[PDB]
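*Asks:* Quick one, model-v3.cif (mmCIF, C-alpha atoms; chains and numbers go by the auth columns):
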data_protein
#
loop_
_atom_site.group_PDB
_atom_site.id
_atom_site.type_symbol
_atom_site.label_atom_id
_atom_site.label_comp_id
_atom_site.label_asym_id
_atom_site.label_seq_id
_atom_site.Cartn_x
_atom_site.Cartn_y
_atom_site.Cartn_z
_atom_site.B_iso_or_equiv
_atom_site.auth_seq_id
_atom_site.auth_asym_id
ATOM 1 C CA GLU A 1 -1.167 -16.932 26.615 0.00 37 A
ATOM 2 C CA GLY A 2 -2.079 -16.351 30.261 0.00 38 A
ATOM 3 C CA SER A 3 -5.363 -15.722 31.997 0.00 39 A
ATOM 4 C CA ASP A 4 -7.026 -12.322 32.238 0.00 40 A
ATOM 5 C CA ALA A 5 -5.777 -10.428 35.308 0.00 41 A
ATOM 6 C CA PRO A 6 -8.714 -9.319 37.523 0.00 42 A
ATOM 7 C CA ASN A 7 -9.127 -5.570 37.201 0.00 43 A
ATOM 8 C CA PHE A 8 -9.160 -3.375 40.304 0.00 44 A
ATOM 9 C CA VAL A 9 -9.136 0.269 41.394 0.00 45 A
ATOM 10 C CA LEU A 10 -7.185 1.108 44.600 0.00 46 A
ATOM 11 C CA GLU A 11 -5.702 4.226 46.197 0.00 47 A
ATOM 12 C CA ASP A 12 -2.115 5.062 46.849 0.00 48 A
ATOM 13 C CA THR A 13 -1.003 6.728 50.145 0.00 49 A
ATOM 14 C CA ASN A 14 -1.874 10.125 48.642 0.00 50 A
ATOM 15 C CA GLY A 15 -5.418 9.025 47.856 0.00 51 A
ATOM 16 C CA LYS A 16 -4.855 8.740 44.108 0.00 52 A
ATOM 17 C CA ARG A 17 -6.947 5.941 42.544 0.00 53 A
ATOM 18 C CA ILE A 18 -4.952 3.546 40.249 0.00 54 A
ATOM 19 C CA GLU A 19 -6.848 1.128 37.936 0.00 55 A
ATOM 20 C CA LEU A 20 -4.977 -1.924 36.716 0.00 56 A
ATOM 21 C CA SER A 21 -6.488 -1.882 33.203 0.00 57 A
ATOM 22 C CA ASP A 22 -5.031 1.659 32.781 0.00 58 A
ATOM 23 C CA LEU A 23 -1.594 -0.022 32.760 0.00 59 A
ATOM 24 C CA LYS A 24 -2.321 -2.120 29.643 0.00 60 A
ATOM 25 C CA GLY A 25 0.578 -1.797 27.248 0.00 61 A
ATOM 26 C CA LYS A 26 3.119 -2.018 30.063 0.00 62 A
ATOM 27 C CA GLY A 27 4.237 -5.095 31.950 0.00 63 A
ATOM 28 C CA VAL A 28 2.917 -5.062 35.503 0.00 64 A
ATOM 29 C CA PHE A 29 4.823 -6.635 38.400 0.00 65 A
ATOM 30 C CA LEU A 30 1.918 -7.002 40.859 0.00 66 A
ATOM 31 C CA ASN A 31 3.307 -7.735 44.356 0.00 67 A
ATOM 32 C CA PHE A 32 1.137 -8.444 47.417 0.00 68 A
ATOM 33 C CA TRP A 33 2.810 -7.531 50.708 0.00 69 A
ATOM 34 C CA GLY A 34 2.486 -6.358 54.335 0.00 70 A
ATOM 35 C CA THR A 35 4.705 -4.223 56.560 0.00 71 A
ATOM 36 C CA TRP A 36 5.215 -7.024 59.071 0.00 72 A
ATOM 37 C CA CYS A 37 6.233 -9.550 56.393 0.00 73 A
ATOM 38 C CA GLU A 38 9.941 -10.471 56.553 0.00 74 A
ATOM 39 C CA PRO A 39 10.148 -12.131 53.102 0.00 75 A
ATOM 40 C CA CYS A 40 8.473 -8.969 51.767 0.00 76 A
ATOM 41 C CA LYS A 41 10.974 -6.688 53.502 0.00 77 A
ATOM 42 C CA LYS A 42 13.896 -8.721 52.110 0.00 78 A
ATOM 43 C CA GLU A 43 12.889 -8.227 48.488 0.00 79 A
ATOM 44 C CA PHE A 44 11.750 -4.562 48.575 0.00 80 A
ATOM 45 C CA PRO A 45 15.260 -3.096 48.035 0.00 81 A
ATOM 46 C CA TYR A 46 15.737 -5.494 45.094 0.00 82 A
ATOM 47 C CA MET A 47 12.478 -4.350 43.556 0.00 83 A
ATOM 48 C CA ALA A 48 13.497 -0.689 43.878 0.00 84 A
ATOM 49 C CA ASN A 49 16.924 -1.294 42.336 0.00 85 A
ATOM 50 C CA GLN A 50 15.503 -3.226 39.406 0.00 86 A
ATOM 51 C CA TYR A 51 12.766 -0.608 38.851 0.00 87 A
ATOM 52 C CA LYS A 52 15.561 1.865 38.063 0.00 88 A
ATOM 53 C CA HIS A 53 16.473 -0.344 35.067 0.00 89 A
ATOM 54 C CA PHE A 54 13.035 -1.395 33.881 0.00 90 A
ATOM 55 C CA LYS A 55 10.778 1.662 34.205 0.00 91 A
ATOM 56 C CA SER A 56 12.240 2.966 30.911 0.00 92 A
ATOM 57 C CA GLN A 57 11.556 -0.386 29.317 0.00 93 A
ATOM 58 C CA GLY A 58 7.836 -0.207 30.038 0.00 94 A
ATOM 59 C CA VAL A 59 7.541 -2.260 33.250 0.00 95 A
ATOM 60 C CA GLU A 60 5.463 -0.891 36.123 0.00 96 A
ATOM 61 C CA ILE A 61 5.382 -2.202 39.682 0.00 97 A
ATOM 62 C CA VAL A 62 2.132 -2.126 41.580 0.00 98 A
ATOM 63 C CA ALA A 63 2.804 -3.176 45.197 0.00 99 A
ATOM 64 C CA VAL A 64 -0.521 -3.979 46.791 0.00 100 A
ATOM 65 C CA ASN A 65 -0.472 -3.592 50.561 0.00 101 A
ATOM 66 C CA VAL A 66 -2.834 -5.973 52.356 0.00 102 A
ATOM 67 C CA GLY A 67 -5.100 -4.090 54.690 0.00 103 A
ATOM 68 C CA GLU A 68 -2.828 -1.564 56.421 0.00 104 A
ATOM 69 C CA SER A 69 -3.175 2.205 56.895 0.00 105 A
ATOM 70 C CA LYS A 70 -1.833 5.085 54.855 0.00 106 A
ATOM 71 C CA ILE A 71 0.584 6.083 57.659 0.00 107 A
ATOM 72 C CA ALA A 72 1.876 2.532 58.171 0.00 108 A
ATOM 73 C CA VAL A 73 2.434 2.126 54.471 0.00 109 A
ATOM 74 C CA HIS A 74 4.012 5.587 54.076 0.00 110 A
ATOM 75 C CA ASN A 75 6.485 4.832 56.854 0.00 111 A
ATOM 76 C CA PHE A 76 7.412 1.520 55.276 0.00 112 A
ATOM 77 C CA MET A 77 7.875 3.097 51.839 0.00 113 A
ATOM 78 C CA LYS A 78 10.231 5.707 53.295 0.00 114 A
ATOM 79 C CA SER A 79 12.175 3.096 55.258 0.00 115 A
ATOM 80 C CA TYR A 80 12.667 0.821 52.244 0.00 116 A
ATOM 81 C CA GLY A 81 13.358 3.465 49.576 0.00 117 A
ATOM 82 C CA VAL A 82 10.258 2.713 47.562 0.00 118 A
ATOM 83 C CA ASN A 83 10.368 4.446 44.219 0.00 119 A
ATOM 84 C CA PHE A 84 7.340 2.735 42.564 0.00 120 A
ATOM 85 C CA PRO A 85 3.558 2.664 42.931 0.00 121 A
ATOM 86 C CA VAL A 86 2.066 1.304 46.129 0.00 122 A
ATOM 87 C CA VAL A 87 -1.689 0.827 46.541 0.00 123 A
ATOM 88 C CA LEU A 88 -3.840 -0.056 49.567 0.00 124 A
ATOM 89 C CA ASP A 89 -6.120 -3.089 49.470 0.00 125 A
ATOM 90 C CA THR A 90 -7.934 -1.866 52.506 0.00 126 A
ATOM 91 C CA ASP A 91 -10.585 -4.577 52.638 0.00 127 A
ATOM 92 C CA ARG A 92 -8.781 -7.555 51.027 0.00 128 A
ATOM 93 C CA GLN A 93 -11.077 -7.478 47.977 0.00 129 A
ATOM 94 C CA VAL A 94 -8.088 -7.472 45.630 0.00 130 A
ATOM 95 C CA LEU A 95 -6.238 -10.123 47.676 0.00 131 A
ATOM 96 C CA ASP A 96 -9.317 -12.312 47.321 0.00 132 A
ATOM 97 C CA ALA A 97 -9.768 -11.635 43.612 0.00 133 A
ATOM 98 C CA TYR A 98 -6.182 -12.878 43.128 0.00 134 A
ATOM 99 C CA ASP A 99 -6.707 -15.790 45.542 0.00 135 A
ATOM 100 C CA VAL A 100 -3.548 -14.898 47.486 0.00 136 A
ATOM 101 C CA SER A 101 -2.694 -16.736 50.705 0.00 137 A
ATOM 102 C CA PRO A 102 0.938 -16.376 51.906 0.00 138 A
ATOM 103 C CA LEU A 103 2.856 -13.125 51.472 0.00 139 A
ATOM 104 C CA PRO A 104 4.588 -12.188 49.310 0.00 140 A
ATOM 105 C CA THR A 105 2.804 -13.395 46.196 0.00 141 A
ATOM 106 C CA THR A 106 3.574 -11.797 42.824 0.00 142 A
ATOM 107 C CA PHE A 107 1.725 -11.843 39.517 0.00 143 A
ATOM 108 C CA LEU A 108 3.602 -11.031 36.316 0.00 144 A
ATOM 109 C CA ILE A 109 1.128 -9.428 33.933 0.00 145 A
ATOM 110 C CA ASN A 110 2.032 -8.915 30.321 0.00 146 A
ATOM 111 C CA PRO A 111 1.208 -5.807 28.265 0.00 147 A
ATOM 112 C CA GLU A 112 -2.000 -7.507 27.098 0.00 148 A
ATOM 113 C CA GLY A 113 -3.233 -7.643 30.675 0.00 149 A
ATOM 114 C CA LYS A 114 -2.764 -11.375 31.124 0.00 150 A
ATOM 115 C CA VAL A 115 -1.140 -13.144 34.054 0.00 151 A
ATOM 116 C CA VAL A 116 1.688 -15.165 32.515 0.00 152 A
ATOM 117 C CA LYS A 117 3.560 -16.146 35.685 0.00 153 A
ATOM 118 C CA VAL A 118 2.799 -16.352 39.429 0.00 154 A
ATOM 119 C CA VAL A 119 5.542 -16.400 42.099 0.00 155 A
ATOM 120 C CA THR A 120 4.905 -17.246 45.757 0.00 156 A
ATOM 121 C CA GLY A 121 7.659 -16.400 48.162 0.00 157 A
ATOM 122 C CA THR A 122 10.537 -14.028 48.421 0.00 158 A
ATOM 123 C CA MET A 123 12.437 -13.194 45.232 0.00 159 A
ATOM 124 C CA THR A 124 16.138 -12.616 44.711 0.00 160 A
ATOM 125 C CA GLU A 125 17.256 -9.579 42.714 0.00 161 A
ATOM 126 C CA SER A 126 18.360 -11.897 39.863 0.00 162 A
ATOM 127 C CA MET A 127 14.909 -13.507 39.771 0.00 163 A
ATOM 128 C CA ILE A 128 13.202 -10.095 39.782 0.00 164 A
ATOM 129 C CA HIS A 129 15.396 -9.046 36.837 0.00 165 A
ATOM 130 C CA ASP A 130 14.296 -12.114 34.895 0.00 166 A
ATOM 131 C CA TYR A 131 10.652 -11.562 35.825 0.00 167 A
ATOM 132 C CA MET A 132 10.681 -7.969 34.584 0.00 168 A
ATOM 133 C CA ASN A 133 12.397 -9.035 31.347 0.00 169 A
ATOM 134 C CA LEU A 134 9.553 -11.550 30.858 0.00 170 A
ATOM 135 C CA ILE A 135 6.805 -8.922 30.817 0.00 171 A
ATOM 136 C CA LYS A 136 8.418 -5.854 29.244 0.00 172 A
ATOM 137 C CA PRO A 137 6.786 -4.634 25.993 0.00 173 A
#
Can I see the file as structure tokens?
*Replies:*
Amino acid sequence: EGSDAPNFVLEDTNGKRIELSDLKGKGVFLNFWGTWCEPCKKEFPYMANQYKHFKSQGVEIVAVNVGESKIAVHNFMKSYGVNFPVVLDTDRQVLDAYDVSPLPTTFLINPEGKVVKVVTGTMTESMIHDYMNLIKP
């Protein structure tokens, strides 16, 4: 069932604009994070490993960075082996549209574009696997 996921358009660290509604038809694992955030750091390698399994099953990750710069985010991506889309919520407009407080917070969006599950806090690799299975087409 779910609720409609608020649409947004944000850049990646190359300046490419990504619009959430353009990912309809795929599951979207929408993860809010910051470079300073320890529970975020812990789960990033798990996300990358699971993405290897689920990209070919029609799950996309969109990891929304809260407020930091292209260079800070680039450096983090390289350090953590990020192999999936990362966008920059430069002014917290997307954070606020999702009503996110602590980091990380994750929204599991089905192929219809509806939020079916919300997860606050760090996620184990087993949990991430389950979450991606939930939203795959």
*Asks:* Need the neighbours of (-2.8, -1.4, 37.5): which residues are at most 8 Å away, counting only C-alpha atoms, as a count of residues only?
*Replies:* 12
*Asks:* Looking at A:38, A:62, A:163, A:170, which one is nearest to residue 92 in chain A, with distances taken over all atoms listed in the file?
*Replies:*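 Answer, going by the shortest atom-to-atom distance: A:62.
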*Asks:* Apply the PyMOL selection byres ((chain A and resi 104) around 9) to the file shown and report the selected residues as a PyMOL selection string.
*Replies:* chain A and resi 70-71+101-103+105-109+124-126
*Asks:* Selected residues, C-alpha atoms, written as a short mmCIF file (atom, residue, chain, number, x, y, z; two decimals), in the coordinates of the input, please.
*Replies:*
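Contents of out17.cif, as written:
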data_model
loop_
_atom_site.label_atom_id
_atom_site.label_comp_id
_atom_site.auth_asym_id
_atom_site.auth_seq_id
_atom_site.Cartn_x
_atom_site.Cartn_y
_atom_site.Cartn_z
CA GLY A 70 2.49 -6.36 54.34
CA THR A 71 4.70 -4.22 56.56
CA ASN A 101 -0.47 -3.59 50.56
CA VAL A 102 -2.83 -5.97 52.36
CA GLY A 103 -5.10 -4.09 54.69
CA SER A 105 -3.18 2.20 56.90
CA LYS A 106 -1.83 5.08 54.86
CA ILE A 107 0.58 6.08 57.66
CA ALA A 108 1.88 2.53 58.17
CA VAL A 109 2.43 2.13 54.47
CA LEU A 124 -3.84 -0.06 49.57
CA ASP A 125 -6.12 -3.09 49.47
CA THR A 126 -7.93 -1.87 52.51
#
*Asks:* For the structure provided, state which residues fall under the PyMOL selection byres ((chain A and resi 136-143) around 12), and present them as a PyMOL selection string.
*Replies:* chain A and resi 38-42+63-80+83+97-102+128-135+144-146+149-159+163-164+167-168+170-171
*Asks:* Return the single residue from A:81, A:61, A:147, A:51 that is closest to residue 120 in chain A, with distances computed using all atoms listed in the file.
*Replies:*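 Ranking A:81, A:61, A:147, A:51 by distance to residue 120 in chain A, first place goes to A:81.
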*Asks:* Find the smallest box with edges along x, y and z containing every listed atom of range 42-46 of chain A, then add 5 Å on each side and report centre and edge lengths in Å to one decimal, as AutoDock Vina command-line options.
*Replies:*
--center_x -8.2 --center_y -4.1 --center_z 40.9 --size_x 12.0 --size_y 20.4 --size_z 17.4
*Asks:* Looking at A:127, A:119, A:90, A:96, which one is nearest to residue 169 in chain A, with distances taken over only C-alpha atoms?
*Replies:*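 Among the listed residues, A:90 lies closest to residue 169 in chain A.
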*Asks:* Have a look at CA of residue 113 in chain A and CA of residue 173 in chain A and let me know their distance in Å, one decimal.
*Replies:*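 Separation of CA of residue 113 in chain A and CA of residue 173 in chain A: 27.0 Å.
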*Asks:* I'd like the interatomic distance between CA of residue 48 in chain A and CA of residue 121 in chain A, to a tenth of an Å.
*Replies:* 7.3 Å
*Asks:* Go ahead and compute the interatomic distance for CA of residue 112 in chain A and CA of residue 89 in chain A, in Å to one decimal.
*Replies:*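 According to the coordinates, CA of residue 112 in chain A and CA of residue 89 in chain A are separated by 22.2 Å.
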*Asks:* Which of these, A:172, A:165, A:88, A:114, has the shortest distance to residue 49 in chain A once you count only C-alpha atoms?
*Replies:*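 Among the listed residues, the smallest separation from residue 49 in chain A belongs to A:114.
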